[PDB]
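Here's the structure we're looking at; comments come further down.
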Number of protein chains: 6
Amino acid sequence: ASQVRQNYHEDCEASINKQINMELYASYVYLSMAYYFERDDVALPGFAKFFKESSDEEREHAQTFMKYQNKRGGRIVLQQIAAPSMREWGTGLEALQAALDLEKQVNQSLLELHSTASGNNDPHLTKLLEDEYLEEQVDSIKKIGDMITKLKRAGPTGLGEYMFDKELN
Amino acid sequence: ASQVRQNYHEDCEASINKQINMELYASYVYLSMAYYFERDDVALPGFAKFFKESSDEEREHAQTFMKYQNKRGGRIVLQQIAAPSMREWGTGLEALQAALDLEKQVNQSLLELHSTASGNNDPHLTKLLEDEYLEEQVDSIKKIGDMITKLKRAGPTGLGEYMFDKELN
Amino acid sequence: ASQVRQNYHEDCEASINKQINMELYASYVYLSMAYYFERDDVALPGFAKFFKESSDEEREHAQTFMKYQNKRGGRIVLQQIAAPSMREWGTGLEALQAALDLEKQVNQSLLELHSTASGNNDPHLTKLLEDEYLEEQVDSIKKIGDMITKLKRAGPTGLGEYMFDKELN
Amino acid sequence: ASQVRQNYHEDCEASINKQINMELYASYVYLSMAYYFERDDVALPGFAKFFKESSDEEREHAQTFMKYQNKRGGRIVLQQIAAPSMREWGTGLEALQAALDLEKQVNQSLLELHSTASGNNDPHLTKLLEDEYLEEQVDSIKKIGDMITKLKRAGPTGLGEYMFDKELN
Amino acid sequence: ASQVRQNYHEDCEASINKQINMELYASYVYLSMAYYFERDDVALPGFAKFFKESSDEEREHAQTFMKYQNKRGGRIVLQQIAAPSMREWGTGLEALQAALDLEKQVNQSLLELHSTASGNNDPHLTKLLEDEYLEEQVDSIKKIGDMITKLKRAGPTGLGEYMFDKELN
Amino acid sequence: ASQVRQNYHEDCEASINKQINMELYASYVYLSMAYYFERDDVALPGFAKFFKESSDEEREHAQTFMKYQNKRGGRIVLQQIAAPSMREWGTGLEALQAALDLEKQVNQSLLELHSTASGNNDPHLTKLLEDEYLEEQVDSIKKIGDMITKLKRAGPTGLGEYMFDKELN
Ligand SMILES: [Hg+2]
Ligand SMILES: [Hg+2]
Ligand SMILES: [Hg+2]
């Protein structure tokens, strides 16, 4: 047992190790899209840069959990990073409809770790989730909301996606 | 052979002379398209500006090869530059679809030139082709691929063609 | 096929996909090290950074091939990222040594991709490697090699490790 | 016909698709001369630069008509561009002698065209050749008058030529 | 063997301990020429400077291999450096004539080495000679092609030589 | 005797020619050591950087003497530069102990050269040796004395050798 650990139950320590994989796995889906939107027969540069940023953002969430793991006394245990269930994503809107759910799923879990953190009387963990993750998830689920509403009003297909791209970019 | 020739085979020397001419046919195809898209009945300045720079880029290719001639000790022989097949290029897409194949044909003749160069072990030439021609000849093929796809998403004629041009501009 | 594709072997295309995954896992293994060295029971600030720098730039090697995959017209097949071989990477000497192996295992993989490409007669990817990989890998081998000797000189254990991590920081 | 066309007689239009190909040939003759002089065995940088900008001048003179073509509602026809009869151009003197003479032809047709212009009563056209060409050709010819006189005094073969080359450079 | 050594065939290593001594001799031949030309009775500052930087170029070319030696895990052997056969070098012309010819030998082995390189299938090595030497030697040779042509026109003995010396200076 | 010789005796003129050669043997000994300390198995950049500058300094000596040759009216005769006795210099101390004696031997040959110069009353040469050679040849002998003592205090191998190098750097 590390020299720096107190009021850190080991249950929470293990779900930090499951967020980091969920955080890791997500950033690996956002990267598949960005570069799918970089394909010649796709040629959506504005979704590409959006998801590459999503790729980078999610990768930082994971790292900021891994430093917290080292910041309470717990140990990092890095499982695999599986493959996104898909290669091709189709329209930019379909891309967005999936990112929304993954974000909810990630918000699902960030909300659950918080109540796991809460049964253990860990007000230092609840805080972490609470200025570094719980607001960035909900700004970001609201962000795709708007975006989807803008693209379907934009006319989800054809000239609407090409124009929506330019404003995204 | 003048005083400076070392490991420059005649077949590799003539194919360059060809490359000078066929890269000059292109500057001229791109020259036609540029002013066609600048006709009062056409009125596509972005399309026009693109093919202008192409013509320009493509003539620089040709002059680069000319400088490679005197460097290695060869004798430039300039050949008649042919007028383009056509005067009227239809739509911008039919000129984007036109140049892609023309950028591929050139891409083809450089690889032929590449594979003639190392069979007579002239790695200096295959240096020249790599860090100069085979590089930007793929960057521009990828480029015209993106544009054809986007323009098609945009609606290649009508309001769609008018927007894509103002982002090409 | 892709509208940009020209002279692009399917198996000179699977090797990209393959190499895409070797860098990622290396990125991931260099991620596992950077944070092992930020444990309160190893706390080696200088090895940690060094392996941070190693991770991110390994990820950029995966994204540059990703870019090249879409260029020649190929289609990105992403796979899982196997877990890192370890959790605990031992001594700072013991960390570098295994990163030496993996640099090599990547380098060796590169030299085959080159051998792959040279056989199908495609000088664009052999350019891509010689100009973006084959060099810098041999580089990353030498530094680690230099660092392993220096640390063996500095006395691999004790005050030498401590003073090495300071210079490297 | 054209939205814009007004007071544009078809023999003007036809004579311009003649001048353009005529300036494109002169522009292609100075490129021959421009590069012939960078051969290791010719090696006069001063005559080389003098013909490249010449080739570029002749070449931007051609575009000006092509553009004036689109202003007036006419239609550019681009013809084949004949390769020059010579490739071995001789003394810098003999090069200046063939220059002055190709200039005078480009003059002789541009005067001719003003006559054609004055006949089909175009005051728009008669200005264009005056304030853009006949001004520009007369000056061009008197400078080769000066140079060729200056090179015969300095000495057309030998050290005098080396010296005139530098002052040109 | 070495920590770093990978895909380094012993005939490459041996050929490099040959090129290094070969560049050190060329670097020692331009020093002879560099200083011979500052003798009171020779007294050509322009040819002197031209050979010193030559000697310095040849001399920093040698170190580059010695360094590439340490990168690849090879072992530099430094041999004796033979003093040049001549000390009295003659006309600036005769000096430029022996130059161009020592260059072509330094070329002829560096090509040879690329063949050796291509045979023992080193893509690391084939790049080094290309992007660092064969690029650098071809240019070096065409400039002495130019100079020697320029000095025969200006006159190899007498006032013409004094003049070519200054423009060189 | 050329037009500029006054009070330059042949014995004093040849000993300089020797000094040119033996100062060039040294630049080369220091050249070897520099890259040896830069080998992956050695990894001593400070030691390497020192011997580099030495090689450099020592060749400047030699070229200074070469300029003194033409000044006084002498004829440089360059002699074969011998390879160093050894390739592998053991430790840094065994190279610091190596160069000290080599800096002394040179120091010896200059004094011999000094005492040959004023016996034939050439005080200009004894000017040259004093304000140029006998000056910095003692500053550097004092320098290598300090370093051997300090490094020995430091513990000439192990953690002691690693520190001293980083202050040599
Ligand atoms: Hg817990
Ligand atoms: Hg007319
Ligand atoms: Hg080899």
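Working note: Debye formula, equal point scatterers on the alpha-carbon atoms of the stretch F:25-163, no solvent; log10 I(q)/I(0) at q = 0.12 Å⁻¹ is -0.55. Remark: relative contact order (chain B) = 29 percent; criterion is Cα-Cα distance under 8 angstrom and separation of 6 or more residues. Working note: Karplus 6.51/-1.76/1.60 with θ = phi - 60° gives the stretch D:120-130 the couplings 6, 6, 10, x, 4, 5, 4, 5, 4, 5, 6 Hz, where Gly and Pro are set to x. Rg/Rh for the stretch A:39-105 stands at 1.08; both radii use Cα atoms, and Rh follows the Kirkwood definition. Partners of F:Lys152 within straight-line reach, counting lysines whose Cα lies under 19 Å from its Cα and excluding those fewer than 8 residues away in the same chain: C:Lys150, F:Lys142, F:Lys143, F:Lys166.
The GNM of chain B, with springs linking C-alpha atoms under 10 angstrom apart, assigns the highest mean-square fluctuation among B:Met86, B:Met66, B:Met33 to B:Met86.
Filter the GluC sites (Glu not before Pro) in the stretch D:87-169 down to the DSSP loop ones having no more than 15 other Cβ atoms within 10 Å, then list what survives.
Working: sites: D:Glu88, D:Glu94, D:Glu103, D:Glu112, D:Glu130, D:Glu132, D:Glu135, D:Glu136, D:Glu161, D:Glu167; in loops: D:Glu88.
Within the stretch D:87-169, the qualifying GluC sites (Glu not before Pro) (loop, at most 15 other Cβ atoms within 10 Å) are D:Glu88.
Axis-proximal residue of chain A for the rotation onto chain E, reported as residue and distance in whole Å: A:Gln3, 26, based on Cβ position.
Can you tell me how the protein assembly as shown classifies by the Cα gyration tensor, rounded, prolate or oblate, using a/c under 1.5 as the rounded cut? Oblate, since a/c reaches 1.5 and b/c is not below a/b. The other copies place their F:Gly145 label points at 4.0, 5.9, 7.2, 8.3, 8.3 nm from this one, listed shortest first, where each point is 7 Å from Cα along Cα→Cβ. Give the long-range amide H neighbours of C:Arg39: residues separated by 5 or more places, or on another chain, with amide H under 5 Å away, using H modelled in the peptide plane at 1.01 Å from N. Residues meeting the criterion, in which the H sits 1.01 Å from N, are C:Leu44. To the nearest 0.05, how large is the calculated FRET efficiency for B:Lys49 and C:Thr64 if R₀ is 35 Å and r is the Cβ-Cβ distance? Efficiency computed from Cβ-Cβ geometry: 0.70.
The stretch F:1-37: which GluC sites (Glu not before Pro) are DSSP loop and have at most 10 other beta-carbon atoms within 10 angstrom?
Values: sites: F:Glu10, F:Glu13, F:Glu23; in loops: none.
When the GluC sites (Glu not before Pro) of the stretch F:1-37 are filtered for loop state and at most 10 Cβ neighbours within 10 Å, nothing remains.
When the helices of chain B are scored as -39500 (n - 2.57) per DSSP H run of n ≥ 4 and the total is divided over every residue, the value at 222 nm lands at -23500 deg cm²/dmol. C:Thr64 label point (Cα plus 7 Å toward Cβ) to equivalent points in the other copies: 2.0, 2.0, 3.0, 4.6, 4.7 nm, shortest first. Each copy carries E:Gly119; placing its label point 7 Å along the C-beta direction from Cα gives inter-copy distances of 2.2, 2.2, 5.7, 7.3, 7.4 nm, listed from smallest up. How big is the gap, in Å, between the Cα center of the stretch A:61-109 and the Cα center of the stretch F:39-80? Using only Cα atoms to place each centre, the spacing works out to 61 Å.
A short reminder: the numbers here are calculations on the coordinates, not readings from a lab. Backbone-built Cβ (ideal geometry, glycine too); neighbour counts: all protein chains shown.
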